[PDB]
Amino acid sequence: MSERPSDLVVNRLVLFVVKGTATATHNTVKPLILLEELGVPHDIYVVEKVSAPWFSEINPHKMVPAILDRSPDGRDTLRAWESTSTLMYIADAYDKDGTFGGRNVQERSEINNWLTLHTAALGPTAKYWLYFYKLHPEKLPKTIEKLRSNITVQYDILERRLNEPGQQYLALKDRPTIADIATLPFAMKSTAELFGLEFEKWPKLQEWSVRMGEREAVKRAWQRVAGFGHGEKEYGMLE
Amino acid sequence: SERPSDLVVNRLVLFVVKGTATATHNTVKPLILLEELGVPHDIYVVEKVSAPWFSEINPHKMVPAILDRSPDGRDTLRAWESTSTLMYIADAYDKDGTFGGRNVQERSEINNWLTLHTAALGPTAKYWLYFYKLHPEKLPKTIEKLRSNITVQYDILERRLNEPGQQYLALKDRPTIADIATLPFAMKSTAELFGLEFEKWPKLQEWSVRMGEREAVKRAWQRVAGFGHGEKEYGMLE
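Residue labels here follow a simple count from 1 along each chain's written sequence instead of the entry's numbering, which may differ, and residues missing coordinates are not shown. Working convention: letters from A go to chains and numbers from 1 go to ligands, in the order in which they are written. Side-chain metrics in this entry use all non-hydrogen atoms of the structure; hydrogen atoms and water are not considered.

Re the side chain of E106(B)
Consideration 1: A helix here means a DSSP run of H or I that spans at least four residues, while a strand means a run of E at least two residues long, and both kinds are numbered starting from the N terminus. When you line up the elements, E106(B) lands in helix α4 (residues 104-134).
Consideration 2: Whether two residues are in contact is decided by their heavy atoms, any of which lying within 4.5 Å being enough. Excluding residues that lie within four positions of it along the chain, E106(B) makes contacts with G97(B), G101(B), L171(B) and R174(B).

The structure is reproduced here in structure tokens:
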């Protein structure tokens with residue numbers, strides 16, 4: 001039980017973030033979107049150093065987002081880490097009716113297909129693109145271009161799906177799911193421009209990104225995640 | 001697109017390709033769980049994943065994929081991405097939550113360690129294999145960075161399996177879909193392929209042997225190697 005900071009108490013779901021940074025909030029915004037959609041009571045904890053031993057006991061991958069929350073019976077503490085895992089946990093614990101998690105086996109079969117496509121393909125591809133483009137000490141343009149090429153193939157797959165009759169969202173025809181929440185940050189105009197792509201080439205994907213973008217929970221989430229650690233308090237439990 | 005005449009969905013159909021070392025490490029995952037639960041299923045060997053009819057099942061044009069009957073029996077379901085096939089089989093056929101998790105607490109850890117494989121080790125290993133074998137140009141600096149990232153993932157798994165009583169990745173007591181998703185990318189043969197000495201991660205090695213001794217895992221490895229090398233080369237197997 002490595003000593004946690006004195007202000008870290010779990011009276012409700014605690015979402016772990018870092019100081020809002022331009023282009024670096026696209027994973028932390030995912031669980032925040034779902035919390036806002038379902039109206040889940042939650043706290044925000046701004047982590048000063050993800051390398052801190054106390055945080056690695058919450059998330060051994062030493063990244064945000066991460067979640068501490070009380071168990072359903074209220075006896076123990078639960079944890080969720082990896083952005084897709086935080087969406088799965090919130091849905092399981094707080095999406096009673098399966099509005100975002102899926103109501104039956106059939107709905108969940110497509111939700112998990114399009115969620116896992118993001119988790120395995122576009123997500124890690126975008127992560128590696130960003131790493132070799134900005135973070136790696138040496139510039140490897142041959143690697144960068146192959147990763148950019150793979151993003152266009154992923155956009156083609158999403159575009160094909162959203163060109164199917166009545167398919168307004170990725171998984172279900174009628175409403176957005178945790179599949180749509182997971183994909184949005186990596187499939188919108190701002191991100192397409194960062195990748196050096198013209199988003200207009202995927203018109204049904206662009207229309208979908210605007211339809212998701214207009215949701216109040218999404219607008220609230222984007223505004224909040226940018227501001228964390230730039231308010232009255234820099235690090236620790238926000239008020 | 002018109003399907004082949006032999007493709008009928010009377011039960012769960014697992015789509016695979018001809019068995020080779022480099023083509024079975026994802027398809028074996030759903031097969032392990034089908035064998036663990038004793039789910040009735042057919043095997044369909046796909047000649048060309050580029051075939052239009054297959055892209056209607058999986059737009060990503062890869063195996064494994066699944067077509068199955070809905071619970072009510074009215075409609076057909078599809079699952080694609082190996083993690084998604086594990087999720088589907090658990091949802092439809094793991095009625096006791098033996099591999100899927102019995103409560104919110106169990107599922108919280110299962111989804112943490114399953115998603116870790118799905119987001120980190122899985123794609124990292126996939127990219128390592130692509131640049132090492134498939135990419136026309138050799139990019140050693142890229143390959144080495146991916147190799148380094150594999151050792152970091154092994155380090156995380158080793159740390160977890162050094163925790164008191166933690167016999168499996170997610171739960172202490174039994175293996176889950178998290179352990180099934182990880183096994184093919186965390187065993188001696190795969191470590192050797194990555195140019196790594198697996199003995200450097202002793203508790204991860206011990207875990208891989210414990211998983212490998214399970215009868216359902218042994219059957220899955222034996223079967224996945226043989227697909228397309230029996231009496232029928234492509235299509236629905238007997």
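Next comes the rest of the description.
Overview of the interface of chain A and chain B
Consideration 1: The partner chain B presents 49 residues to the 50 residues of chain A that form the contact.
Consideration 2: A pair is scored as a salt bridge if a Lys or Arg side-chain nitrogen falls within 4 Å of a carboxyl oxygen belonging to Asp or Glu. Where chain A touches chain B, the interface holds 6 salt bridges.
Consideration 3: Note that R79(A) and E109(B) form a salt bridge whose closest N and O atoms lie 2.9 Å from each other.
Consideration 4: Any pair of N or O atoms that falls within 3.5 Å is considered a polar contact. Within protein, one atom must be able to donate a hydrogen and the other to accept it, and sequence-neighbouring residues count only if both atoms are side-chain atoms. Connecting chain A to chain B are 25 residue pairs in polar contact.
Consideration 5: Those elements giving two or more residues to the side of chain A that touches chain B turn out to be β4 (77-81), α3 (83-94), α4 (105-135) and α5 (141-161) of chain A.
Consideration 6: Broken down by element, the side of chain A that touches chain B gets its largest block of residues, 19 residues, from α4(A).

Some remarks on the pattern of salt bridges
Consideration 1: On inspection of all chains with the given rule, the structure shows 33 salt bridges over all chains.
Consideration 2: The salt bridge involving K142(A) is made with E137(B); its shortest N-O contact spans 2.8 Å. Taken together, the residues span two chains, with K142(A) in helix α5 and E137(B) in the loop between α4 and α5 (140-160).
Consideration 3: In this structure, the salt-bridge partner of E106(B) is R174(B), at a minimum N-O distance of 2.9 Å. Of this pair, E106(B) sits in helix α4 while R174(B) sits in the loop between α5 and α6 (177-182); the two residues are 68 residues apart in sequence, bridging distant segments of the chain. By the burial criterion, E106(B) is buried, and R174(B) matches it.
Consideration 4: Through salt bridges with shared partners, a single network forms among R79(A), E109(B), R160(B) and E163(B). Here the term buried applies to any residue with accessible area under 20% of the maximum for its type, exposed to any over 50%, and partly exposed to those in between, with areas from a 1.4 Å probe on protein chains only.

Examining the UniProt feature "domain: GST N-terminal" (unreviewed entry) in chain B
Consideration 1: The residues that UniProt annotates with the feature "domain: GST N-terminal" (unreviewed entry) are residues 14-97 of chain B.
Consideration 2: Taken end to end, residues 14-97 of chain B comprises 33% helix and 21% strand; its first and last C-alpha atoms sit 21 Å apart. UniProt positions are given in the numbering used here, feature names are shortened, and annotations may be inferred rather than shown by experiment.

Things to note about the pairing of strand β1 (residues 13-17) of chain A
Both faces of the sheet carry side chains from a regular strand, because those side chains alternate between them.
Residues and elements named next belong to chain A.
Consideration 1: Buried residues dominate β1, accounting for 5 of its 5 residues.
Consideration 2: The alternating pattern of β1 places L13, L15 and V17 and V14 and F16 on opposite faces, both of which are buried.
Consideration 3: Strands qualify as paired when DSSP identifies two bridges or more between them. Of the strand pairs in this sheet, β1 and strand β2 (residues 42-46) are connected by 5 bridges, and their pairing is parallel. Its bridge partner being in β2, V17 is matched across the sheet by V46.

Considering the packing of helix α1 (residues 29-38) of chain A against helix α9 (residues 216-227) of chain A
Residue and element names in this part refer to chain A.
Consideration 1: Think of each axis as a best-fit line through the C-alpha atoms, taken over the contacting stretch in the case of a helix, with angles from 0 to 180 degrees between the N-to-C directions. Orientation of α1 relative to α9, taken along the N-to-C sense of each, is 135°, at an axis distance of 8 Å. On the basis of their axis angle, the class for α1 and α9 is oblique. Relative to α9, α1 is oriented so that their crossing is right-handed. Where α1 approaches α9, its residues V29, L32, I33, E36 and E37 are matched on the opposing element by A217, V218, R220, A221, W222, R224 and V225.
Consideration 2: Ten residue types, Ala, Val, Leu, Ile, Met, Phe, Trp, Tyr, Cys and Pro, are classed as nonpolar, four, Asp, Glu, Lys and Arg, as charged, and the remainder, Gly among them, as polar. Class assignment for the residues of the contact of α1 with α9 results in 8 nonpolar, no polar and 4 charged. Note that the term roughly parallel is reserved for angles under 35 degrees, roughly antiparallel for angles over 145, roughly perpendicular for angles of 65 to 115, and oblique for everything else. Take the far helix as the reference: if the near one is turned anticlockwise from it by less than a right angle, the crossing is left-handed, and if turned clockwise, right-handed.

Digging into the packing of α3(A) against α4(B)
Consideration 1: α4(B) packs onto α3(A) with a crossing angle of 160° between their chain directions and a minimal axis gap of 9 Å. One finds that α3(A) runs roughly antiparallel with respect to α4(B). Between α3(A) and α4(B) lies a crossing whose hand is right-handed. Mapping the contact onto sequence places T84(A), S85(A), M88(A), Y89(A), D92(A) and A93(A) in α3(A) and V104(B), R107(B), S108(B), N111(B), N112(B) and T115(B) in α4(B).
Consideration 2: Split by residue class, the contact of α3(A) with α4(B) holds 4 nonpolar, 6 polar and 2 charged.

Examining the sheet that holds strand β5 (residues 236-237) of chain A
Residue and element names in this part refer to chain A.
Consideration 1: Read across the open sheet, the 5 strands follow the order β4-β3-β1-β2-β5; overall the sheet is mixed. The strands lining the two open edges of the sheet, one partner per strand, are β4 and β5.
Consideration 2: Bridge count for β2 against β5 is 2 bridges, and the pairing is antiparallel. Note on β5: the bridge partner recorded for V46 is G236.
Consideration 3: Sitting on the sheet, α3 touches β1, β3 (66-70) and β4, and the angle it makes with β4 is about 140°.

Quick word on the packing of aromatic side chains
Consideration 1: Side-chain rings of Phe, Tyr and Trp, where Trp is taken by its six-membered ring, are said to pair if the distance between their centres is within 6.5 Å; with planes under 30 degrees apart they count as stacked, over 60 as edge-to-face, and otherwise as tilted. This model, assessed by the stated rule, comprises 25 aromatic pairs over all chains.
Consideration 2: Considering the side-chain rings of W81(A) and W113(B), the 5.0 Å spacing of their centres and the 90° angle between planes classify their relative orientation as edge-to-face. With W81(A) in strand β4 and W113(B) in helix α4, this pair bridges two chains. As far as the burial class goes, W81(A) and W113(B) line up, both buried.
Consideration 3: Ring centres of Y155(A) and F199(A) lie 5.7 Å apart, and the angle between their planes is 65°; on these two criteria the pair is classed as edge-to-face. You can see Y155(A) sitting in helix α5 and its partner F199(A) sitting in the loop between α7 (189-194) and α8 (203-213), a full 44 residues away along the chain.

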